[PDB]
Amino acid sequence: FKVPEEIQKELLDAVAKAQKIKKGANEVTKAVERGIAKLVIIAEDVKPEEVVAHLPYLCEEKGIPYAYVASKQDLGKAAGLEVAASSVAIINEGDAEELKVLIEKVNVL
C-alpha cells in the first residue's frame, strides 16, 4: 500500500529516536521471526525488490506492524548509517505513545 509523505516522515523520525533497532534484511527478518520487532519499516526503492519481498507476508503472519518509505538511502540515514538500508525494525521505541499512534495510522491503510 501507499503511505503519505507526512506519515513517512513520522516513520523515519520514529526510527531516529528509537532506543534499539535492527538494520538490514538479515537482522530485520530475524527480529520478526523472533517476534521482538514492534514495527518494521521497508524501503520502496529496493532493487532487486526480491530482497524484501518476503517481509510483508512474514510480518502479517507474526502479527507485526509494517509500513514503507520512499528512500532506502533515507531509511539508512534515519537508522544512523552512512549507507542505505532496505529495511529496519524498531525494537525499543523512543516514545511509546507516539509509536502506538503511528502504528494505528498505518494499520488504517
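Residue numbers here begin at 1 and follow the sequence given.
Looking at 70-78 and 32-40 together, the entry lists the larger mean B-factor for 32-40, computed on C-alpha atoms. For the pair 57-65 and 44-52, the record assigns the higher mean C-alpha temperature factor to 57-65. Among all modelled residues in this chain, the alpha-carbon of residue 99 has a temperature factor (C-alpha) in the highest third.
When the modelled residues of the chain are ordered by their C-alpha B factor, residue 92 lands in the highest third. For residue 22, the recorded CA temperature factor ranks within the lowest third of the chain's modelled residues.
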